[PDB]
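A single chain comes next, written as structure tokens; it is the form deposited in one PDB entry.
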């Protein structure tokens, strides 16, 4: 009788849940909301919460749960499974990771010429004549995560500097990443900060698209970790633990990299060619506490600068 509060989209979640159900005979009930609402709902429900598991789209949202003392420390051998991104808390387990990257039109942009730091992107745009030819996705959650990452790395004022310098390029805003990548393909824009798996998806469809990683440590390579946690309110601790174990199972991790295009966190999986190895991903990403990204601050700043 497993009850999951999921900030991950249903289309992604349901196949895995079906499998578990059929293979264990455990009946699972999943509630789908934003990481935001789930965090609200748990604080609301208190000890009267049905939820056994929290499966978040972001490690930020899990940091909050662990911050409101909501999660139960995990089976020593569980936190042993994933290759990285385990939280000091040991109060949730990371399931996939996604990378911020810079997508571009190989026909229009030379790989050699792209900046080693996201911070230098506007200067690149100005020199290379890309006014009106840069795309971004201001309303997109991972873009907002990236901006919070810049605030944590460089400070609010450097980040503000970057935002206003980006705005001064008259960049085009897209409602979604596929929309922006379509634009990149069409030549409406030349480049855009995105999530690596949107690019992997395009490439699988046959569309040659450039994928640039910034220098190691750079805010532009931000690791976007998804994860799951065992709630304190859980009265189904065996079944719940089985499911966490299941999420980290080779077959499920193959689903994540294959069906979804995200990075698996375990071995025993066949790896796409459009991904650098997991280990190099780690090497590339900024070293930050992913549970503590100042997302509220990023949002405030994005609205103030007039980006949002």
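Numbering follows the first chain given and starts at 1.
The mean C-alpha temperature factor is higher for 232 to 240 when 217 to 225 and 232 to 240 are set side by side. When the two stretches 262 to 270 and 30 to 38 are set side by side, the higher mean Cα temperature factor goes to 30 to 38. Taking the PDB entry at face value, the top CA B factor among 131, 173, 78, 151 belongs to 78. Take 117, 139, 96, 91 and read off each C-alpha B-factor from the entry; 91 has the highest.
In this PDB entry, the Cα temperature factor of residue 307 sits in the middle third of its chain's modelled residues. Among the modelled residues of its chain, residue 59 has a C-alpha B-factor that falls in the middle third, as given in the PDB entry. Among all modelled residues in this chain, the alpha-carbon of residue 106 has a temperature factor (C-alpha) in the highest third. Sorting the modelled residues of the chain by their CA temperature factor places residue 180 in the lowest third. The entry lists a Cα temperature factor for residue 87 that places it in the highest third of the chain's modelled residues.
Not on display, but discussed next: the form deposited in another entry.
The residue from 180, 121, 224, 62 that marks the hinge of the rigid-body rotation between this form and the one not shown is 224, the others lying more than 12 positions from any hinge.
Between residue 34 and residue 141, the C-alpha separation shrinks by 3 Å or more in the other form, relative to the conformation displayed. Whereas the displayed form keeps them at a certain spacing, the CA atoms of residue 182 and residue 11 lie at least 3 angstroms closer in the other form.
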